[PDB]
Amino acid sequence: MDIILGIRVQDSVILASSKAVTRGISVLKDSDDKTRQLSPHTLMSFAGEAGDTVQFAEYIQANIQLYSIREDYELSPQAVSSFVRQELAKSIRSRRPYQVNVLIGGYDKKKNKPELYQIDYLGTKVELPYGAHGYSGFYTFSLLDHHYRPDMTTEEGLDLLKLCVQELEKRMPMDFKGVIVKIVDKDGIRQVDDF
Amino acid sequence: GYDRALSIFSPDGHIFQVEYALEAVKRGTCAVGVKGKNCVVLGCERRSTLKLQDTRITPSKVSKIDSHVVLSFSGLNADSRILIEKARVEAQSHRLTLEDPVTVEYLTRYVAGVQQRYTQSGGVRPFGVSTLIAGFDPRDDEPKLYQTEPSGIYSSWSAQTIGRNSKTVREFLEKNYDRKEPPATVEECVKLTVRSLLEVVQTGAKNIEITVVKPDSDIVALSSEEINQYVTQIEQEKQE
Amino acid sequence: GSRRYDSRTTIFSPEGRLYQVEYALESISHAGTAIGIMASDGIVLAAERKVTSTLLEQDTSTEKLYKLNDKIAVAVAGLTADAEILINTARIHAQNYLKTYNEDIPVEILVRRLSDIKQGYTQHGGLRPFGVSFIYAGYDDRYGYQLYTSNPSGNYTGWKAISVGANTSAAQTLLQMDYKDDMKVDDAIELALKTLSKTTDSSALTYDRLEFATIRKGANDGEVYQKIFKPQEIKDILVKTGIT
Amino acid sequence: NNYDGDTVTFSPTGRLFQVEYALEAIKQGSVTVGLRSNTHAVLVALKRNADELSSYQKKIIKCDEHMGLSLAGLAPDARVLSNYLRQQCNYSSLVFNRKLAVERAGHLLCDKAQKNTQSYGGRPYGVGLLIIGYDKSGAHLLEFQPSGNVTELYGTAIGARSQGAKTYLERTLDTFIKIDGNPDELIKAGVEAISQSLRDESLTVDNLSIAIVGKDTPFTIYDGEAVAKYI
Amino acid sequence: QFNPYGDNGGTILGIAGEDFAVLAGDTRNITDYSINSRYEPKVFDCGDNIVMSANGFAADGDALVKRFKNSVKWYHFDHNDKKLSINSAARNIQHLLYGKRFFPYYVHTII
Amino acid sequence: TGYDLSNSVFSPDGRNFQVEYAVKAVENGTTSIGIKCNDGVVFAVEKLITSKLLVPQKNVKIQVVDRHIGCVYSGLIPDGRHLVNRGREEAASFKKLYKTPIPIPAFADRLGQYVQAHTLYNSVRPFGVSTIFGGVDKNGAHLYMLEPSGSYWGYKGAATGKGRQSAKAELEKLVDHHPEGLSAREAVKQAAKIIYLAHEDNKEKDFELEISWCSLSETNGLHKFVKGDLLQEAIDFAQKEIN
Amino acid sequence: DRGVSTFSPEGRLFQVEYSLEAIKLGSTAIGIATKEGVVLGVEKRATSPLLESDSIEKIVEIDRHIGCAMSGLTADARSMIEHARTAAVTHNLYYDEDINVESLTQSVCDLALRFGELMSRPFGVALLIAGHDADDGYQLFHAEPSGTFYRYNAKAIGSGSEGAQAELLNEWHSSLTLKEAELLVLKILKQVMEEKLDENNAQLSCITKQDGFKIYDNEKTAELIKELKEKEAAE
Amino acid sequence: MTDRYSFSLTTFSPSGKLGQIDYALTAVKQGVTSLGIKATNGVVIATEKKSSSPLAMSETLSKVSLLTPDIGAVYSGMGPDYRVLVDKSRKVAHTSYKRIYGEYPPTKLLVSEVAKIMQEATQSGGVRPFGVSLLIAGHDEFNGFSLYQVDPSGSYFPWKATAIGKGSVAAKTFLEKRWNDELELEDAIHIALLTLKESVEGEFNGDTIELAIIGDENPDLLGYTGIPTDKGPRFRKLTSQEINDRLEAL
Amino acid sequence: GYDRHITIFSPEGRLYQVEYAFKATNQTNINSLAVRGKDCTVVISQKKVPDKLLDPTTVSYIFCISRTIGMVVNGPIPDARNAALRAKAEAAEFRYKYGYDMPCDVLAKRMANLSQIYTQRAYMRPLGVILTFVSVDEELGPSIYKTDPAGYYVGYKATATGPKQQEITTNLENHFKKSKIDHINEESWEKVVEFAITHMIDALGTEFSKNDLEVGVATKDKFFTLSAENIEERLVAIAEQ
Ligand SMILES: [Cl-]
């Protein structure tokens, strides 16, 4: 785990997540996908404590998929984010809390608008034009404060994202082995293979 | 907690509560399942003593358990919701632990096990429901059709019907369904299903529901006009 | 032991019917009639109070029509006490959904859960079922205006127009006769009152023996308003249609 | 009649019919005999088969190195009660380093059976037991009835036609009680006792079951070719 | 604060031949710098030709041996007097020990 | 009707027929007695010798509670054992909390409340025994008799079983002829006589006599069984009186 | 009504006796034990020709060395098989060995009387449990809802049981080969079955020390059926 | 042991009646008459004190009970059932309202809580319904004065005026002739005494009649001074002497 | 007709099990009486010891619940002792929880509430007893409060219970019609006990020896029962007037 980023542009939400899985002095994997599709137009990326991350992500995935089958309907990104927040808000006062931070990128088909939510392990939710978890934010937020515009295209958003990864690859202490980038828009979720 | 043994043996070796639950199934609207060479079709009767219905919002007779499996039923409507909910939860639970969707046999075996449990548990009555469960296993193109009943027994069928006047439509299917050559196409399978319901139904208007399931999570429900075309075509060939 | 005194409330008859559910429906058939009519621009709820006394306080009274949330209401037919147990559960369920998803609960979801509770009392626990039938009137942004009914069995169905309680057979025939799909709210108001007036067991239909409510989009722009009618407002609407 | 629906109901003459019906299940069971001297205690049991293709239902169960019983009636109920005895014998060994007195074993069975005759929902045990053992006060023989009544005896028999063996042992009392330091003779007396309960059938090699415990003999069971000596 | 463990010293040794096996152990029992007993045996015949010793904290050692001896007794009761093979005994002892994984028997066991 | 089919149901008289039916089971049982004396109590019971095969002296029916109380009963023997097991638990918890051994009146109410509790619900059966019990405490000797209903009183002498009327008549003569009091050793002899006299109502099978006693002087306030020379002496006294 | 665990005046449990009547209505199952193996065979009995007969599962594996056949209310058997499989695997985990066939049977029979007012009623199914172990060799057990189990050299259960058992009494001897036992099950099943016996409405299986528990193919059974018809015509 | 009665004792009959509720209402019919009348500036509730023996002190038995400082209750039917309902009603006003909102519940909601308790005795395992009908009079800031009837089924209805019990049919007819929407509290007390005399047979005085009002705040009955917002209970039980004063100008 | 076996309503709105529990009250065939003085409350009850083998000192239907409260029971002794043990436990708990002695009327209400529960809950039968509680309350003064199987309770100027209760009741009524007051206008409890016995003799029409009666007396800060000789002393005083 470590680096997860999110950018909401005019017509889409773009999530970038690091590929490295490190334990001790060994990089065990360099192609790890730190994300789960909750519904056709909703994607969740995650970072935090080993084991907890995937266990939580898949538990949320199962619940949203269950809801979809029961009602024959897709929950809005706002509705999914609220469900996820409440689960984490419960978790923080449990015997052993989930130490997982998430970003939820979704396209609301009723509103025809992209939406990005940042939620930490305490259950702290905010809707944002761009988001980051962990030490990444200390570089990317100021960078995006300067270069981001609300009316950008998906291509402009990807170039803006390249600028973030380049900055992190220059100034971050750890080798995070690049990122997997995924786009959420009106047509659903797709992965950019060449980044 | 309420403990009473409601399902018990009688002197002749019958469990009357399980057998009376079968009578509730016999009262329910007719449901039929027919599987072709590359598909399964689920047909359902809807009684016409209810006009002024809103068909947009009224619970449909065929329910999706997962994207690749469907469940229809005959009997108590309220009872069926409990079985469907449990099945849908088990479907997601299976995907979570095995990392693969349920087989149709497995999903059937689970639903049947739930029904059996309600025949020797204290304080509960058996489900007044028999189900038809149809679909395709993951990465498989062989059609699957299973039946369950209140006792808990389940089995696979080339074609089967349940509900009121099901003995009449079973008679029809027994002489009209060839094991050596099942309905080769979607059209042939839907027609044989509609024909079988027309032996029992009344009018082919808003009384028949048809749902077609094809491999790789390809499930769609037919509209009134689409079904009405089968009804119109069958009647014209009949006058001969 | 106690086996001797157990009525066995959750068993089948030899014919495959649930005794207690059937007998609860028989109870409900003596309750005051309630009618729901769904129009294209709103829903009407109309209900007849059970034989009133002149010293009954009519304005501060609630017997038939209850509010579940801002978008959903119910008309009751059966034991009022039983209905209030279920109404409070339904009110809590709506708030649980809003708390979880930050969205108002879809009508069917609320109806299904309340109907599932009723179902449970017919399959396990050895308790008598709730002697209540509901007419649910509500709005959400998926299906718009919706009418549902549920009964002691826990079975529910959707309707364009429906009646529960007394004289449903006669009431349904009259609704089936004069209802059409392009109908407006003000027309539905008239149909509801006309139907009760003909099916009533009373001598004449008056304001003091009625409860009335509408669910319109007749607020200001793209939002829904619930109007539980006051006594004087029922008196006026009864004159406006020429029943009194 | 109207008072036999459950164990919690007394009849107008003060009888418990469910307990009496449980007692009836023992009478239908195959005969088993118990007898002792001052040095040894012996169980002899006639085993019963379903048909010529089936095995012969085992009647004797070991409870400890120094104790065991034979059964007549519902065999699963004997399994429950014998298991309880195994645990109680075992508790006495682990906690007190003490072999459970055969008398206490009887008291414990009595109290376990009793609780099932005073509460709603339960039923009486449907089996009778003959417990033999050798403890610090010598050889012992007990008779357990599912009413709760446990009785210490020199000799006895339970099951169908048990009255024949019970009469024989009542005549032979003075003889077999003084068969001290001689196992084979005490068994012979028990085999002759059970023979007084036979009708149309005789004792064969896969029909007879014998058990013995004593001063320098752990509780051991003999079946098959090991009982051919006594036919 | 109460310490539920102690060290009773001593040492044990097992060697296997072609058609035999030996299990040896000293008979001294100690706490700190004091001798509790010059002859306190800790190698036991458990039946079915199995000998066992659980050396370390004697209270846990005695408890384990006591539980295994009892396990042999019930194995006979439940499986028609069948002889408990040494490999089956070994697997059974693993479950006895691991059952207290979060409050362990403080012993090194040899059979 | 049907009022007698369920425990804890009042009949129109105000009676609990199930308890009265349990009394019939007590009347069917063997005879047992209790005699209060100068500084203690004496208990005796009839043991029917069903067969020669019964080991003499080895089917003991009198039971001790704590170290100072004796209990004997007639009727369903297992039911009596259940009551004594409870009595022992009650006495143990009393001594645990209060240190002193349980007083006899205190012990009597513990059994009484427990037996009475089995007349309150239809899910339990009443006790099929009448229990005679007592001992010595700080306030001297006490004798009690407890019935299936939960009813108990203090007694100068007590009797229950098939020969209760015969035994009661014989007990009343002792109370009249000895107003100052009966000694412990005398009461043992009288107990033997009364059991032998009460055996006339059960004379098909011959019987075995069993006696126990608590006395401040003779047994030091503890419950002991009468055995050997003192037992045979009491048997001989009884044999001489029937002839 | 009356208690579920009530005794009759003859000293039998009403519910256990009534469940035995349910088993008599069930389809026939036969088992024969030899020194070369144990054979298990059942009548499938499809209620309708449209029902796919190969989905009828009345012979079942418990472990590699233990198999099982059923008759009566077959839905009741599922939790019995689940328990048997868990008991077998659990014993292997605790003791690094195969569990004895008798011990398995005893474990299944412990569930039987765990009913009352535990489950609400006895099981309405009888089981034939066949297996092999090193101590007692090839074994066949009949497990009833009374909690009782008998070892058998041969046994039939179900509707045609009393007629089939009388036939097994005459035919069984201690030197039967496995092939002889296979044919004998087919022969006796064909006698008591309503519809004509073939590979689709009857199923064979066996357990041997070498190959373990095996359910036979419809092709393999069909040849044994043809071998049986030819031998009966040959004298 | 343990409560094995986990099943309903009240069930629907083929005709749709709930037998035990009907029979509970029959017990209420046998009960002594009680009534309630709502005025513009208050409410009056009244009943006869049926003495079981002249040696009994009827002052020690209170049929009219304070639930909150602004709410009172009276009944017809089985006294013991009423007594325990008053205990539960007083407690629920605290646990489910005052301990949450720091103020007493409005009349309608307390009535709603009592109704719930009575409904549960109609459906829960191993219990019979309560054999009483209640009349609850009260005041609260936002609803003003109100009067409710609660039946064994758990149903409740608001009334301008009503009567329950022995001679309720005649008493209701009497109240219909006399009640108007301009009645002052003293006029309502006068009508209450007139209505009750019809159903009472023996002695008719302040010792055989029990009567309480919900009216103006009573600062003298508060027990303390210093807090302006706290002004005292609106519930007041009329004394034996106060009743006799009004029986002279009757 | 299972509505007569458990505590559910009959068609006429009655509880037959409660009514039959009232009939169990008179099963002992004993009459009790309670009166109030200025400073005291006296309760008397008949004592019938038919069996010669009984220890007469252990035969009692009067109980000392607390230091201040006494209770006489009309009904079978098992149910009587059941009620007594509960009342003792309740009075002890009250003192521990609330820091002052449980009043007679409050204990009466509490025991009445428990009785009410048995009339509503099916698994519990009513106790076939009537409980008369007596004390000299520190607030209310001399007090008599009585409980029955219906769960009813009320205070009394005086009261009587048993088979011949009506005769005793009217006898007391006629005295209080004459005296024009709520109590026995007497200084000492000794003479209030004498009044109680005198008026029981007149109403029942029987004479009493020292062993035919049982007397309980409540004064400020203690309730106590009288010995046979205390009653004999009292019987002599009545005879010499
Ligand atoms: Cl209380």
# chains A, B, ... in the order shown; residues from 1 in each chain; ligands from 1
>>> interface_residues(of="chain C", to="chain A", cutoff="7 Å", atoms="only C-alpha atoms", output="PyMOL selection string")
chain C and resi 100-103
>>> residues_near_ligand(ligand="ligand 1", cutoff="9 Å", atoms="only C-alpha atoms and all ligand atoms", output="PyMOL selection string")
(chain H and resi 84+87) or (chain I and resi 109-114)
>>> interface_residues(of="chain G", to="chain E", cutoff="7 Å", atoms="only C-alpha atoms", output="ChimeraX atom specification")
/G:94-97,103
>>> write_last_selection(atoms="N, CA and C atoms", output="JSON list (two decimals), in the first residue's frame")
[["chain", "number", "residue", "atom", "x", "y", "z"],
["G", 94, "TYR", "N", -7.33, -35.25, 13.88],
["G", 94, "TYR", "CA", -6.93, -35.46, 15.27],
["G", 94, "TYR", "C", -5.99, -36.67, 15.47],
["G", 95, "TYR", "N", -6.08, -37.68, 14.61],
["G", 95, "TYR", "CA", -5.36, -38.94, 14.82],
["G", 95, "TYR", "C", -4.50, -39.45, 13.66],
["G", 96, "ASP", "N", -4.40, -38.69, 12.57],
["G", 96, "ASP", "CA", -3.57, -39.07, 11.42],
["G", 96, "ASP", "C", -3.82, -40.53, 10.99],
["G", 97, "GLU", "N", -5.10, -40.88, 10.82],
["G", 97, "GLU", "CA", -5.49, -42.24, 10.43],
["G", 97, "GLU", "C", -6.92, -42.26, 9.89],
["G", 103, "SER", "N", -17.16, -46.89, 14.28],
["G", 103, "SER", "CA", -17.08, -45.61, 14.99],
["G", 103, "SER", "C", -17.81, -44.50, 14.23]]
>>> residues_around(residues="residue 48 in chain E", least_positions_apart="2", cutoff="7 Å", atoms="only C-alpha atoms", output="PyMOL selection string")
chain E and resi 46+50+83-84
>>> select_by_dssp(residues="range 75-135 of chain A", states="strand (DSSP E)", output="mmCIF file with N, CA and C atoms, in the first residue's frame")
data_model
loop_
_atom_site.group_PDB
_atom_site.id
_atom_site.type_symbol
_atom_site.label_atom_id
_atom_site.label_comp_id
_atom_site.auth_asym_id
_atom_site.auth_seq_id
_atom_site.Cartn_x
_atom_site.Cartn_y
_atom_site.Cartn_z
ATOM 1 N N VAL A 100 -7.980 1.292 7.341
ATOM 2 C CA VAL A 100 -8.059 1.410 5.887
ATOM 3 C C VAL A 100 -8.553 2.798 5.490
ATOM 4 N N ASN A 101 -7.830 3.430 4.571
ATOM 5 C CA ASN A 101 -8.239 4.701 3.977
ATOM 6 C C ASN A 101 -8.660 4.457 2.537
ATOM 7 N N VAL A 102 -9.738 5.108 2.101
ATOM 8 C CA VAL A 102 -10.286 4.865 0.763
ATOM 9 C C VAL A 102 -10.593 6.147 -0.010
ATOM 10 N N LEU A 103 -10.568 6.032 -1.336
ATOM 11 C CA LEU A 103 -11.148 7.030 -2.231
ATOM 12 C C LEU A 103 -12.241 6.343 -3.039
ATOM 13 N N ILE A 104 -13.382 7.010 -3.190
ATOM 14 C CA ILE A 104 -14.483 6.483 -3.994
ATOM 15 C C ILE A 104 -14.747 7.398 -5.182
ATOM 16 N N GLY A 105 -14.470 6.887 -6.379
ATOM 17 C CA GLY A 105 -14.751 7.597 -7.622
ATOM 18 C C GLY A 105 -15.962 6.990 -8.302
ATOM 19 N N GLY A 106 -16.948 7.826 -8.616
ATOM 20 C CA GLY A 106 -18.179 7.360 -9.246
ATOM 21 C C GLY A 106 -18.774 8.361 -10.215
ATOM 22 N N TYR A 107 -19.555 7.856 -11.168
ATOM 23 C CA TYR A 107 -20.324 8.696 -12.082
ATOM 24 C C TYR A 107 -21.814 8.526 -11.796
ATOM 25 N N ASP A 108 -22.450 9.597 -11.324
ATOM 26 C CA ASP A 108 -23.888 9.595 -11.055
ATOM 27 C C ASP A 108 -24.655 9.710 -12.375
ATOM 28 N N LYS A 113 -22.982 13.533 -13.628
ATOM 29 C CA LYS A 113 -21.852 14.230 -13.012
ATOM 30 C C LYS A 113 -20.872 13.242 -12.381
ATOM 31 N N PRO A 114 -19.557 13.489 -12.538
ATOM 32 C CA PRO A 114 -18.555 12.709 -11.813
ATOM 33 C C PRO A 114 -18.461 13.155 -10.356
ATOM 34 N N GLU A 115 -18.128 12.225 -9.462
ATOM 35 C CA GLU A 115 -18.033 12.518 -8.030
ATOM 36 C C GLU A 115 -16.884 11.748 -7.376
ATOM 37 N N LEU A 116 -16.074 12.462 -6.593
ATOM 38 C CA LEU A 116 -14.932 11.881 -5.885
ATOM 39 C C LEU A 116 -15.076 12.120 -4.383
ATOM 40 N N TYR A 117 -15.038 11.042 -3.601
ATOM 41 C CA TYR A 117 -15.132 11.129 -2.142
ATOM 42 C C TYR A 117 -13.862 10.598 -1.477
ATOM 43 N N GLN A 118 -13.351 11.343 -0.497
ATOM 44 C CA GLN A 118 -12.203 10.915 0.295
ATOM 45 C C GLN A 118 -12.667 10.548 1.697
ATOM 46 N N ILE A 119 -12.407 9.305 2.104
ATOM 47 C CA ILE A 119 -12.809 8.803 3.422
ATOM 48 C C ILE A 119 -11.622 8.140 4.119
ATOM 49 N N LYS A 125 -15.518 11.800 5.937
ATOM 50 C CA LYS A 125 -15.856 11.911 4.513
ATOM 51 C C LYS A 125 -15.875 13.356 4.023
ATOM 52 N N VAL A 126 -15.311 13.571 2.835
ATOM 53 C CA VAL A 126 -15.382 14.853 2.137
ATOM 54 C C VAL A 126 -15.496 14.608 0.630
ATOM 55 N N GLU A 127 -16.315 15.411 -0.049
ATOM 56 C CA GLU A 127 -16.361 15.419 -1.515
ATOM 57 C C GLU A 127 -15.340 16.440 -2.015
ATOM 58 N N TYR A 130 -10.136 17.017 -6.158
ATOM 59 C CA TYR A 130 -8.990 16.105 -6.166
ATOM 60 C C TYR A 130 -8.636 15.671 -4.745
ATOM 61 N N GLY A 131 -8.193 14.424 -4.609
ATOM 62 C CA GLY A 131 -7.919 13.838 -3.299
ATOM 63 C C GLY A 131 -6.709 12.924 -3.272
ATOM 64 N N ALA A 132 -6.169 12.723 -2.071
ATOM 65 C CA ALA A 132 -5.029 11.837 -1.847
ATOM 66 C C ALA A 132 -5.010 11.345 -0.402
ATOM 67 N N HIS A 133 -4.482 10.139 -0.196
ATOM 68 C CA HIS A 133 -4.287 9.590 1.148
ATOM 69 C C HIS A 133 -2.804 9.359 1.426
#
>>> interface_residues(of="chain H", to="chain D", cutoff="12 Å", atoms="only C-alpha atoms", output="ChimeraX atom specification")
/H:1-4
>>> write_last_selection(atoms="N, CA, C and O atoms", output="PDB file, in the first residue's frame")
ATOM      1  N   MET H   1     -39.148 -26.375  34.446  1.00  0.00           N
ATOM      2  CA  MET H   1     -39.662 -25.050  34.924  1.00  0.00           C
ATOM      3  C   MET H   1     -39.553 -24.001  33.804  1.00  0.00           C
ATOM      4  O   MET H   1     -39.519 -24.360  32.623  1.00  0.00           O
ATOM      5  N   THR H   2     -39.505 -22.718  34.176  1.00  0.00           N
ATOM      6  CA  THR H   2     -39.459 -21.591  33.235  1.00  0.00           C
ATOM      7  C   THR H   2     -40.791 -21.425  32.494  1.00  0.00           C
ATOM      8  O   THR H   2     -41.534 -22.390  32.287  1.00  0.00           O
ATOM      9  N   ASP H   3     -41.093 -20.184  32.120  1.00  0.00           N
ATOM     10  CA  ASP H   3     -42.294 -19.865  31.354  1.00  0.00           C
ATOM     11  C   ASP H   3     -42.279 -20.604  30.011  1.00  0.00           C
ATOM     12  O   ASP H   3     -41.620 -20.174  29.063  1.00  0.00           O
ATOM     13  N   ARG H   4     -42.996 -21.724  29.945  1.00  0.00           N
ATOM     14  CA  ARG H   4     -43.146 -22.475  28.695  1.00  0.00           C
ATOM     15  C   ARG H   4     -44.219 -21.862  27.778  1.00  0.00           C
ATOM     16  O   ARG H   4     -44.305 -22.218  26.602  1.00  0.00           O
TER      17      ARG H   4
END
>>> atom_distance(atom1="CA of residue 108 in chain F", atom2="CA of residue 212 in chain F")
18.8 Å
>>> select_by_dssp(residues="chain E", states="helix (DSSP H, G or I)", output="PyMOL selection string")
chain E and resi 58-78+86-98
>>> write_last_selection(atoms="N, CA and C atoms", output="CSV table (one decimal), in the first residue's frame")
chain,number,residue,atom,x,y,z
E,58,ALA,N,7.0,-28.5,35.8
E,58,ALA,CA,6.4,-29.8,36.2
E,58,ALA,C,4.9,-29.8,36.3
E,59,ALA,N,4.3,-28.7,36.7
E,59,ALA,CA,2.8,-28.6,36.9
E,59,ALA,C,2.1,-28.8,35.5
E,60,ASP,N,2.7,-28.1,34.5
E,60,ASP,CA,2.2,-28.3,33.1
E,60,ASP,C,2.5,-29.7,32.6
E,61,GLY,N,3.7,-30.2,32.9
E,61,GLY,CA,4.1,-31.5,32.5
E,61,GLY,C,3.2,-32.6,33.0
E,62,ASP,N,2.9,-32.6,34.3
E,62,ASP,CA,2.0,-33.5,34.9
E,62,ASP,C,0.6,-33.4,34.3
E,63,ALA,N,0.1,-32.2,34.1
E,63,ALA,CA,-1.2,-31.9,33.5
E,63,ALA,C,-1.3,-32.6,32.2
E,64,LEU,N,-0.3,-32.4,31.3
E,64,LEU,CA,-0.3,-32.9,30.0
E,64,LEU,C,-0.3,-34.4,29.9
E,65,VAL,N,0.6,-35.0,30.7
E,65,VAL,CA,0.7,-36.5,30.8
E,65,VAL,C,-0.6,-37.1,31.3
E,66,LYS,N,-1.2,-36.4,32.3
E,66,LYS,CA,-2.5,-36.8,32.8
E,66,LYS,C,-3.6,-36.7,31.8
E,67,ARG,N,-3.6,-35.7,30.9
E,67,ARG,CA,-4.6,-35.5,29.9
E,67,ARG,C,-4.4,-36.5,28.7
E,68,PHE,N,-3.1,-36.9,28.4
E,68,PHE,CA,-2.8,-37.8,27.3
E,68,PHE,C,-3.2,-39.3,27.8
E,69,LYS,N,-2.8,-39.6,29.0
E,69,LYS,CA,-3.2,-40.9,29.6
E,69,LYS,C,-4.7,-41.1,29.5
E,70,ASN,N,-5.4,-40.0,29.8
E,70,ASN,CA,-6.9,-40.0,29.7
E,70,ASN,C,-7.4,-40.1,28.3
E,71,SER,N,-6.7,-39.5,27.4
E,71,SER,CA,-7.0,-39.6,25.9
E,71,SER,C,-6.8,-41.0,25.4
E,72,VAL,N,-5.8,-41.8,25.9
E,72,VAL,CA,-5.7,-43.2,25.6
E,72,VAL,C,-6.9,-44.0,26.1
E,73,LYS,N,-7.3,-43.7,27.3
E,73,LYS,CA,-8.4,-44.4,27.9
E,73,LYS,C,-9.7,-44.3,27.1
E,74,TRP,N,-10.0,-43.0,26.7
E,74,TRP,CA,-11.2,-42.7,25.9
E,74,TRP,C,-11.1,-43.2,24.4
E,75,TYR,N,-9.9,-43.3,23.9
E,75,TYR,CA,-9.7,-43.8,22.6
E,75,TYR,C,-10.1,-45.3,22.5
E,76,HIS,N,-9.8,-46.0,23.6
E,76,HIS,CA,-10.3,-47.4,23.7
E,76,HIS,C,-11.8,-47.5,23.8
E,77,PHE,N,-12.4,-46.7,24.7
E,77,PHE,CA,-13.8,-46.6,24.9
E,77,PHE,C,-14.6,-46.3,23.6
E,78,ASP,N,-14.1,-45.4,22.8
E,78,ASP,CA,-14.8,-44.9,21.6
E,78,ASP,C,-14.5,-45.7,20.3
E,86,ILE,N,1.7,-45.1,17.6
E,86,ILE,CA,2.6,-44.0,18.0
E,86,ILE,C,2.4,-42.7,17.2
E,87,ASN,N,2.2,-42.9,15.9
E,87,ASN,CA,1.9,-41.7,15.0
E,87,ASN,C,0.6,-41.0,15.3
E,88,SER,N,-0.4,-41.8,15.8
E,88,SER,CA,-1.7,-41.2,16.1
E,88,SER,C,-1.7,-40.5,17.5
E,89,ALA,N,-0.9,-41.1,18.4
E,89,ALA,CA,-0.6,-40.5,19.7
E,89,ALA,C,0.1,-39.1,19.5
E,90,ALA,N,1.1,-39.1,18.6
E,90,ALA,CA,1.8,-37.8,18.3
E,90,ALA,C,0.9,-36.7,17.8
E,91,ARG,N,0.0,-37.1,16.8
E,91,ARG,CA,-1.0,-36.1,16.3
E,91,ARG,C,-1.9,-35.6,17.4
E,92,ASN,N,-2.4,-36.6,18.3
E,92,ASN,CA,-3.3,-36.2,19.3
E,92,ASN,C,-2.6,-35.2,20.3
E,93,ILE,N,-1.4,-35.5,20.6
E,93,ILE,CA,-0.6,-34.6,21.6
E,93,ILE,C,-0.4,-33.2,21.0
E,94,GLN,N,-0.3,-33.1,19.7
E,94,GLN,CA,-0.2,-31.8,19.0
E,94,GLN,C,-1.4,-30.9,19.3
E,95,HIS,N,-2.6,-31.5,19.2
E,95,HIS,CA,-3.9,-30.8,19.5
E,95,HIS,C,-4.1,-30.5,21.0
E,96,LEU,N,-3.5,-31.4,21.9
E,96,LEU,CA,-3.5,-31.1,23.3
E,96,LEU,C,-2.7,-29.8,23.5
E,97,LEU,N,-1.5,-29.8,23.0
E,97,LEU,CA,-0.6,-28.6,23.1
E,97,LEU,C,-1.1,-27.3,22.5
E,98,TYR,N,-1.5,-27.4,21.2
E,98,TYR,CA,-2.0,-26.3,20.4
E,98,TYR,C,-3.3,-25.7,21.0
>>> residues_around(residues="range 184-199 of chain C", least_positions_apart="4", cutoff="7 Å", atoms="only C-alpha atoms", output="MDAnalysis selection string")
chainID C and resid 35 37 39:44 46 167 170:171 174 205 241
>>> closest_atom_pairs(of="chain C", to="chain F", cutoff="12 Å", atoms="only C-alpha atoms", output="CSV")
residue,atom,partner,partner_atom,distance
C:1,CA,F:123,CA,5.0
C:2,CA,F:122,CA,7.0
C:3,CA,F:123,CA,10.0
C:4,CA,F:6,CA,9.3
C:5,CA,F:6,CA,11.2
